[PDB]
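Which chain is which? The protein sequence lines are C and Y, in order.
Take 176 as the starting number for the first sequence in the numbering used here and just add one per residue.
Take 84 as the starting number for the second sequence in the numbering used here and just add one per residue.
What follows is a set of notes on a single structure, which appears directly below.
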Amino acid sequence: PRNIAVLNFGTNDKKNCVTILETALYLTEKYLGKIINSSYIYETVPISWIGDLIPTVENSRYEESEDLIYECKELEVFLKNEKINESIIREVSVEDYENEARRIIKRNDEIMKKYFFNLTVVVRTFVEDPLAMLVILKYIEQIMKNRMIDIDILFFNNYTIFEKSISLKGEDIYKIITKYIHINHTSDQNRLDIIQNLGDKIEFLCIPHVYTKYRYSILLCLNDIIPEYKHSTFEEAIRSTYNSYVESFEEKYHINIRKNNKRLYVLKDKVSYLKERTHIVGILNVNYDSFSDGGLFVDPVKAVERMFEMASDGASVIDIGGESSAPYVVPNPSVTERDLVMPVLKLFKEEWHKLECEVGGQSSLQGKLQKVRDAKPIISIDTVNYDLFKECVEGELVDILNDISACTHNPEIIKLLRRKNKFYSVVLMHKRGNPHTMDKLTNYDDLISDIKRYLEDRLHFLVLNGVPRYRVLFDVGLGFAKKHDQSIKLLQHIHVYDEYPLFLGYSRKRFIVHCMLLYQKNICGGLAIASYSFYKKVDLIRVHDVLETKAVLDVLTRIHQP
Amino acid sequence: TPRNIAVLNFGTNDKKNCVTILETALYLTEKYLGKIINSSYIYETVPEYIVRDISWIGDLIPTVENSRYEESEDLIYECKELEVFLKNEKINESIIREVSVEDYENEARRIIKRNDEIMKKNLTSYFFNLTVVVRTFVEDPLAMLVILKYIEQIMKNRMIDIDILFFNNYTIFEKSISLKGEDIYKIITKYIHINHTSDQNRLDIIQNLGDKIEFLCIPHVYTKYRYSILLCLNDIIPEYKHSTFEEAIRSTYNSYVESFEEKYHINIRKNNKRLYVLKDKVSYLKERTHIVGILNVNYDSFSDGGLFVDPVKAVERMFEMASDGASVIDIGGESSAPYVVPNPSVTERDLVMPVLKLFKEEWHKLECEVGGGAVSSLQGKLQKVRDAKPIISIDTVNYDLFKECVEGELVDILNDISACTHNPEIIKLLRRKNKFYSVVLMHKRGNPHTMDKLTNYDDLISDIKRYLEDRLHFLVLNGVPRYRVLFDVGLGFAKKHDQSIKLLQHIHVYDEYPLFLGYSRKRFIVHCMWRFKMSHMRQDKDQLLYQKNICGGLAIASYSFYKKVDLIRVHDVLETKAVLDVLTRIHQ
Ligand SMILES: Nc1ncnc2c1ncn2[C@@H]1O[C@H](COP(=O)(O)CP(=O)(O)OP(=O)(O)O)[C@@H](O)[C@H]1O
Ligand SMILES: Nc1nc2ncc(COP(=O)(O)OP(=O)(O)O)nc2c(=O)[nH]1
Ligand SMILES: Nc1nc2ncc(COP(=O)(O)OP(=O)(O)O)nc2c(=O)[nH]1
Ligand SMILES: C[C@H]1O[C@@H](n2cnc3c(N)ncnc32)[C@H](O)[C@@H]1O
Ligand SMILES: Nc1nc2nccnc2c(=O)[nH]1
Ligand SMILES: Nc1ccc(C(=O)O)cc1
Ligand SMILES: Nc1ccc(C(=O)O)cc1
Ligand SMILES: [Mg+2]
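Now the structure itself:
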């Protein structure tokens with residue numbers, strides 16, 4: 176049986192925050208087991224070589240399967256604080272653990288008495304003890320190098336461990352790494368300097384990490400993934416413990432603990448503050464039969480001129496579609512989804528690579544080239560097709576999977592979202608049926624609750640199969656198996672996603688005009704919804720009339736500046 | 084002989100014909116009693132019991148006998164009788180017998196106790212309520228009451244009811260008054276040239292008017308015990324404290340409000356609402372955002388110039404606009420835009436008249452097709468048309484033009500961008516016999532060529548609000564109804580762009596008043612930063628930039644919907660309407 180470890184990841188670098196954490200995740204999963212749950216990233220109050228690291232890292236002596244999983248019996252057992260495996264390392268009693276914990280916390284309090292980006296993860300580990308895991312985590316750190324990256328073990332199974340005075344020499348360390356890693360012995364590549372001094376970075380071991388119930392940041396992350404867990408060291412479960420921290424703090428100091436401590440999501444390479452902006456997603460139908468667009472952008476050169484336009488016009492994201500999903504549509508049978516889309520993506524990249532070479536020949540050469548890729552519009556593909564999406568992430572042609580129907584069409588597409596070092600974010604929309612039948616499928620016992628419940632289960636599936644929680648965006652699918660009164664109701668109750676990253680697509684849909692040559696009327700109705708969306712703090716809105724949506728939000732933003 | 088100050092309370096049950104009924108009653112009242120020098124809002128109140136045909140009204144106005152007295156219609160700036168009244172000091176000695184405060188209270192509480200009993204045994208509508216201050220030439224409260232009974236009868240749910248709430252500082256209770264026709268005649272004919280002819284008289288009324296007067300009671304029995312009365316008087320005499328009152332009006336209103344909420348635990352304001360009036364009907368304050376459609380009939384307007392000079396086009400445009408959702412249309416003959424020089428070859432008046440008259444000519448052809456058997460009965464069909472007709476506001480500061488407009492029944496609202504300061508005389512034109520007119524007081528400084536230079540305020544938000552409130556006090560003193568006076572902060576007029584924005588930011592200070600805004604196509608919008616077509620946009624100016632200016636427009640339109648602005652004034656009616664519909668839908 177596999178063990179369960181819960182880890183904590185820390186950095187101080189905001190600029191590079193994602194690349195550092197995700198690189199540290201890649202390597203953890205590699206040398207330790209599958210990552211089967213994760214928190215969001217959290218901003219809390221107390222790299223030009225990183226790519227080169229990946230094809231030089233040493234392989235693991237354990238290979239886990241790439242297969243999708245739907246369950247994890249060990250996780251279910253961890254969570255009940257029940258026994259999975261005899262502890263190799265000596266356990267201690269709760270009373271001795273809390274004595275020797277509380278001593279280290281008062282001493283640490285004394286020394287210090289003279290932002291952080293965070294993440295919890297759950298690992299289904301093939302490592303047999305805590306100590307070994309710890310030695311492996313130190314290795315990964317040094318391979319990179321509390322500034323840079325910090326990985327701590329919070330819970331390893333249900334064990335209560337406390338070991339002072341651990342001294343490990345270059346022999347001990349070697350014996351432990353090479354039980355788990357194929358280490359390179361060769362002169363022209365090795366890390367045997369590192370392995371030799373890795374005992375200097377370990378003086379003691381202690382599960383649970385004993386700041387676990389005493390640090391908001393930790394509780395805050397653990398609250399996303401193991402709210403019901405109650406280690407024996409704890410007097411109440413993580414969510415109850417969280418709640419007794421927030422409450423006490425807001426009672427004692429009467430400031431909102433939420434104010435400085437913020438949830439973050441990621442789209443591409445940088446962190447976003449959840450709910451703190453409404454980005455624009457420019458639409459680009461590259462096909463012969465979309466309502467409102469068909470055929471305008473089939474030619475790759477008109478389709479690329481247009482991307483460049485919306486980018487300029489204000490859109491943060493661009494969302495390519497090769498095939499309509501609109502009511503009673505019959506996709507153009509003369510050219511496929513893939514044939515339409517590939518040239519246009521491929522043309523975009525080549526056009527951006529001419530841009531980058533024309534710039535290549537602040538104010539320096541890197542200063543100039545960093546301003547160019549620092550405004551590259553994010554590219555989001557609107558498909559459900561394994562083989563096309565594969566071809567996009569293999570050629571470096573997209574950043575975001577927009578799977579309408581939440582990766583239920585072919586769940587295997589989920590495995591392409593993590594590619595080695597490279598992660599990719601995903602939009603899970605709600606919908607039923609297909610274009611001819613969706614209208615007819617509108618019975619819900621509890622429209623609002625049911626749909627939230629649908630998306631939440633899809634999320635649990637994706638995080639369990641190793642997609643980071645902070646890359647998953649929701650969408651209620653306005654117009655997709657809703658009547659117009661239902662579509663409007665979903666907007667009315669949009670406050671139920673107030674804890675989640677949220678993406679909406681109203682643009683040009685029929686329900687808009689149901690509120691009232693009259694394309695004019697529908698676009699304007701849209702701009703209203705954009706205001707509503709602004710005030711509801713929707714995270715991303717997906718629209719065709721970028722220039723005009725921009726105008727709205729500029730005005731709305733200005734009015735609401737202190 | 085100084086004049087007396089009386090405070091009257093008007094009350095009706097008929098919501099559809101509400102405005103006409105009260106404004107008919109204010110006309111007769113001013114005519115026979117004095118000058119109206121102050122007024123409250125109208126309020127929709129829930130009846131306090133326990134402590135629709137008017138097609139004859141118009142033809143009553145010119146047939147009413149004259150007052151023997153006559154006030155000068157000159158503008159006034161003060162009323163000493165009032166000042167005095169407000170300190171509960173004496174004006175004139177009471178002809179009628181006064182009574183001690185303790186005897187007064189005793190007799191009142193019997194009348195109230197007995198009314199409660201009546202109504203307890205008993206057990207349909209709301210009450211629309213207005214209060215008014217009159218500087219009066221009637222020498223005593225009884226004679227006034229007789230003139231009020233006369234007025235009511237001249238008209239006759241309870242259709243109209245007019246009571247004397249205060250008459251000077253007097254404290255009076257006459258328990259059983261008995262006036263025969265002779266007595267009534269003596270009293271009315273001292274103040275009115277009554278017709279004496281067989282084919283024209285009201286001697287059947289005058290003779291029996293006594294039946295309608297059983298006692299006399301100043302202050303009114305219920306003055307301090309009805310929210311609806313306190314609610315009104317809080318507008319007009321808040322600081323007053325009679326001898327019967329343990330504290331002033333405002334203190335007493337807040338006492339009432341706390342007591343209510345600290346008992347029945349509901350908000351008293353939720354079910355008693357402030358109304359305002361644009362033309363012929365009540366509008367519930369803050370309950371809606373209406374769209375005002377801009378019509379510039381001149382060669383020099385910053386975005387419309389030269390499009391609507393031809394009357395036929397300009398009149399089509401007014402039909403398009405009403406169709407597209409505009410509740411009011413605002414015709415403007417001269418431009419006030421920055422640095423503009425108005426075309427000196429044709430006059431504001433020349434431009435606006437052929438239009439306003441054509442439109443009337445046209446609308447009347449509509450009614451005649453409908454009536455005829457083209458385009459609910461006859462009465463039904465024809466009522467619908469008139470309810471459909473757009474309100475007309477005229478944007479000018481010219482006495483001679485507004486005189487002409489009003490004289491021909493061509494407009495319904497003065498939109499005076501100078502807050503009626505260019506020519507204060509224009510105020511006397513807001514009230515013409517039976518017919519009253521609503522007015523929009525906007526804040527500007529300077530003129531199109533100097534406004535931009537006049538942007539030093541000590542306190543922008545509060546200075547503009549003071550100004551507007553002073554302009555309101557001046558109009559209400561000169562007899563314009565407060566429910567017809569609308570505020571506008573004047574965006575872009577003698578404000579820097581940051582200052583226009585700021586005014587929007589603190590627009591909540593107008594949370595108590597009717598509010599009119601015009602952001603449309605102004606400069607400050609763009610300072611913040613299946614196809615879209617602008618319409619009714621000069622081909623001369625920046626096409627791409629005004630796409631952005633118009634759509635920023637729509638953002639304020641949304642913002643305005645949320646802040647509860649009463650009227651927005653826009654070029655893009657179709658679009659603004661689209662936004663308002665959707666937002667409306669989302670919020671049911
Ligand atoms: N201002 C006033 N002061 C004293 N008595 C008054 C008065 N106005 C009316 N009355 C008296 O009130 C009696 C009933 O007349 P109405 O005014 O019709 C009662 P109402 O209208 O049902 O109640 P309300 O006056 O409280 O609105 C008459 O005998 C009349 O003399
Ligand atoms: N996440 C998400 N993606 C979407 N993609 C397409 C459309 C339909 O819009 P459009 O692209 O204009 O039409 P077509 O499907 O015909 O391309 N709607 C959504 C949506 O609501 N949510
Ligand atoms: N009450 C009020 N009336 C107004 N009239 C005209 C203009 C200017 O707009 P427009 O008519 O388009 O320009 P011009 O004055 O050049 O006709 N602004 C206002 C305003 O803000 N408030
Ligand atoms: C930098 C210091 O942090 C300690 N450290 C890191 N993670 C853990 C854990 N889960 N338990 C105990 N100690 C830990 C190392 O032992 C080192 O001494
Ligand atoms: N609120 C209210 N109450 C009343 N009670 C009796 C008579 N009139 C009225 C009236 O006009 N309004
Ligand atoms: N793909 C879609 C396109 C349009 C609509 C809609 O108009 O309701 C719904 C789905
Ligand atoms: N009448 C006016 C027209 C325009 C502006 C403005 O754009 O600032 C101000 C006043
Ligand atoms: Mg004008």
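All C-beta atoms in this analysis are idealised placements derived from N, C-alpha and C, irrespective of residue type, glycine included.
(request) Kindly confirm or deny that the region 280-299 of chain Y and the region 255-264 of chain Y touch, where touching means at least three C-beta pairs closer than 8 Å. (result) Per the Cβ contact rule, the region 280-299 of chain Y is in contact with the region 255-264 of chain Y (3 or more Cβ pairs under 8 Å).
(request) Between the Cα of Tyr308/Y and those of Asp625/Y, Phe328/Y, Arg621/Y, spot the shortest distance and give me the residue it belongs to. (result) If you number the second sequence from 1, residue 308/Y lands on position 225. Selected option, being the one with the closest Cα: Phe328/Y.
(message) Taking the straight line between their C-alpha atoms, what separation do you get for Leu728/C and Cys634/Y?
(response) Taking the first residue of the first sequence as 1, we reach residue 728/C at position 553. Taking the first residue of the second sequence as 1, we reach residue 634/Y at position 551. The alpha-carbon atoms of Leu728/C and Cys634/Y are separated by roughly 10 Å.
(message) Checking 8 Å against the spacing of the C-beta atoms, do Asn350/Y and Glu344/Y come in under that value?
(response) Taking the first residue of the second sequence as position 1, residue 350/Y is located at position 267. Taking the first residue of the second sequence as position 1, residue 344/Y is located at position 261. Yes.
(request) To the nearest angstrom, report how far apart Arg628/C and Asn398/C are at their CA atoms. (result) The residue labelled residue 628/C in the question sits at position 453 within the first sequence. The residue labelled residue 398/C in the question sits at position 223 within the first sequence. Near 19 Å, if we compare the C-alpha coordinates of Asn398/C and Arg628/C.
(message) So, at 8 Å on beta carbons, what are the nonlocal neighbours of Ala191/Y in its own chain, with the 5 sequence-adjacent residues on each side left out?
(response) Counting from 1 along the second sequence, the entry for residue 191/Y is found at position 108. Contacts found: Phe256, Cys300, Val304.
(message) Between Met612/Y and chain C, is any beta-carbon pair separated by less than 8 Å?
(response) On the second sequence, residue 612/Y is found 529 positions in, with the first residue counted as 1. Yes, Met612/Y counts as interfacial toward chain C.
(request) Whole angstroms is fine: what's the gap from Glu316/C's alpha carbon to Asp325/C's? (result) Residue mapping note: residue 316/C aligns to position 141 of the first sequence, counting from 1. Residue mapping note: residue 325/C aligns to position 150 of the first sequence, counting from 1. Going from the Cα of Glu316/C to the Cα of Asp325/C covers about 7 Å.
(request) Determine the DSSP secondary structure at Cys396/C, reduced to helix, strand or coil. (result) For the purposes of this step, residue 396/C is identified with residue 221 of the first sequence, where counting begins at 1. DSSP places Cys396/C in helix when its eight states are reduced to three.
(message) Pairs of beta-carbons, one from the region 544-562 of chain Y and one from the region 99-106 of chain Y, closer than 8 Å: are there three or more?
(response) Contact between the region 544-562 of chain Y and the region 99-106 of chain Y is absent, because fewer than three Cβ pairs lie under 8 Å.
(request) Return the residue from the list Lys551/C, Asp632/C, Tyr290/C that minimises the CA-CA distance to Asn321/C. (result) For the purposes of this step, residue 321/C is identified with residue 146 of the first sequence, where counting begins at 1. Comparing Cα positions, the closest option is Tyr290/C.
(request) For the region 362-379 of chain Y and the region 404-415 of chain Y, state whether three or more C-beta atom pairs, one from each stretch, are separated by less than 8 Å. (result) Short answer: they touch.
(message) Assuming contact is defined by CB atoms lying nearer than 8 Å, are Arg683/C and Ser467/C in contact in what I supplied?
(response) As a working note, residue 683/C is residue 508 in the first sequence. As a working note, residue 467/C is residue 292 in the first sequence. Cβ atoms of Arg683/C and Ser467/C: closer than 8 Å.
(message) Need the endpoints of the alpha helix (DSSP H) that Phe168/Y sits in, please.
(response) Numbered from 1 along the second sequence, position 85 holds the residue referred to as residue 168/Y. 163-169 is the span of the alpha helix (DSSP H), which, as asked, contains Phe168/Y.
(request) Return the chain-ordered ranges of every beta strand (DSSP E) run that is complete within the region 595-662 of chain Y and spans a minimum of 3 residues. (result) Whole beta strand (DSSP E) segments, 3+ residues: 650-653.
(message) Here's the rule I'm using: 16 or more other beta-carbon atoms within 10 Å means buried, otherwise exposed. How should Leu207/C be labelled?
(response) Translated into positions along the first sequence, residue 207/C becomes position 32. Residue environment analysis places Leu207/C among the buried positions, since at least 16 neighbouring C-beta atoms fall within 10 angstroms of its C-beta.
(request) Return the chain-ordered ranges of every alpha helix (DSSP H) run that is complete within the region 545-616 of chain C and spans a minimum of 4 residues. (result) Complete alpha helix (DSSP H) runs here, min 4: 561-569.
(request) Run the proximity test for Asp223/Y: is its beta-carbon closer than 7 Å to any non-hydrogen atom belonging to ligand 1? (result) Against the second sequence, residue 223/Y aligns to sequence position 140. Outside the cutoff, so no.
(request) Could you pull the start and end residues of the alpha helix (DSSP H) that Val102/Y belongs to? (result) As a position in the second sequence, residue 102/Y is number 19, starting the count at 1. If you look at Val102/Y, you'll find it in the alpha helix (DSSP H) that goes 101-116.
(request) Starting from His454/C, follow its DSSP beta bridges and name the residues at the other end. (result) Numbered from 1 along the first sequence, position 279 holds the residue referred to as residue 454/C. BP columns for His454/C point to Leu715/C.
(message) 8 Å is my cut-off, CB to CB: does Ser708/C come that close to chain Y?
(response) Here residue 708/C refers to the residue found at position 533 of the first sequence. No, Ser708/C lies away from the interface with chain Y (no Cβ there is under 8 Å from its Cβ).
(request) With a cut-off of 8 Å on the beta carbons, I'd call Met517/C and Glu566/C a contact; round off their distance for me. (result) Locating residue 517/C in the first sequence gives position 342, counting from the first residue. Locating residue 566/C in the first sequence gives position 391, counting from the first residue. 7 Å between Cβ atoms; contact.
(request) Return the CA-CA distance between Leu592/C and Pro508/C, expressed in angstroms with no decimal places. (result) In the first sequence, the residue the question calls residue 592/C occupies position 417. In the first sequence, the residue the question calls residue 508/C occupies position 333. C-alpha separation (whole angstroms): 29 Å.
(request) Please name the residue, chosen from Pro502/C, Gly542/C, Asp474/C, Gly536/C, that lies closest to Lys521/C on a Cα-to-Cα basis. (result) Position 346 of the first sequence, counting from 1, holds the residue named residue 521/C. The candidate whose alpha carbon is nearest that of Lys521/C is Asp474/C.
(message) Within the continuous beta strand (DSSP E) that includes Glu338/C, where are the two ends?
(response) The count along the first sequence starts at 1 and reaches residue 338/C at position 163. In the DSSP annotation of this structure, the continuous segment of the beta strand (DSSP E) that includes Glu338/C starts and ends at 336-338.
(message) Within a Cβ cutoff of 6 Å, which residues of the same chain sit near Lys712/C, ignoring the five residues on either side of it in sequence?
(response) Start at 1 with the first residue of the first sequence, and residue 712/C comes out as number 537. Around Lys712/C: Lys450.
(request) Using beta-carbon positions only, say whether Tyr217/C and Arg366/C come within less than 8 Å of one another. (result) Numbered from its first residue, the first sequence carries residue 217/C at position 42. Numbered from its first residue, the first sequence carries residue 366/C at position 191. No; because the gap between Cβ atoms is not below 8 Å, this pair is not in contact.
(message) On the CB-based measure, 16 or more other CB atoms within 10 Å of its CB, does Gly94/Y come out buried or exposed?
(response) Here the question's residue 94/Y lines up with position 11 in the second sequence. Per the 10 Å Cβ criterion, buried.
(message) Below 8 Å on the Cβ atoms is my contact criterion, and I expect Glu131/Y with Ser311/Y to pass it. Report the Cβ-Cβ distance as a whole number of Å.
(response) What you label residue 131/Y is simply residue 48 of the second sequence in a count that begins at 1. What you label residue 311/Y is simply residue 228 of the second sequence in a count that begins at 1. Their Cβ separation, rounded to whole angstroms, is 6 Å, which keeps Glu131/Y and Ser311/Y in contact under 8 Å.
(message) I'd like to know whether the C-beta of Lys696/C is nearer than 8 Å to at least one C-beta of chain Y.
(response) Position 521 of the first sequence, counting from 1, holds the residue named residue 696/C. Put simply, the CB of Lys696/C is near chain Y, with a gap under 8 Å to one of its CB atoms.
(message) Can you confirm whether the region 589-602 of chain Y touches the region 567-575 of chain Y when touching is taken to mean that 3 or more C-beta pairs between the two stretches lie within less than 8 Å?
(response) Touching, yes, given that three or more Cβ pairs across the two stretches are closer than 8 Å.
(request) Could you name the residues of chain C that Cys634/Y contacts, counting a contact when the two beta carbons are closer than 7 Å? (result) To locate residue 634/Y, count along the second sequence from 1; it is residue 551. Those within 7 Å of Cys634/Y in chain C are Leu702, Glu723, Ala726, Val727.
(message) With a threshold of 8 Å between beta-carbons, can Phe519/Y be considered close to chain C, or not?
(response) The residue labelled residue 519/Y in the question sits at position 436 within the second sequence. At a cut-off of 8 Å between C-beta atoms, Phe519/Y does not count as an interface residue with respect to chain C.
(message) Quick check for students: name the residue ranges of the alpha helix (DSSP H) that lie wholly in the region 403-485 of chain C, counting only runs of 4 or more.
(response) DSSP assignment within the region 403-485 of chain C yields the following whole alpha helix (DSSP H) runs of 4 residues or more, N-terminal first: 413-427, 432-435.
(request) Return the CA-CA distance between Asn560/C and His668/C, expressed in angstroms with no decimal places. (result) Here residue 560/C refers to the residue found at position 385 when the first sequence is read from its first residue. Here residue 668/C refers to the residue found at position 493 when the first sequence is read from its first residue. Spanning the alpha carbons of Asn560/C and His668/C requires a straight line of approximately 32 Å.
(request) Could you run through the region 450-462 of chain C and flag, in chain order, every residue whose CB is less than 9 Å away from some CB of chain Y? (result) Against chain Y - using a Cβ distance shorter than 9 Å - the region 450-462 of chain C contributes no residues.
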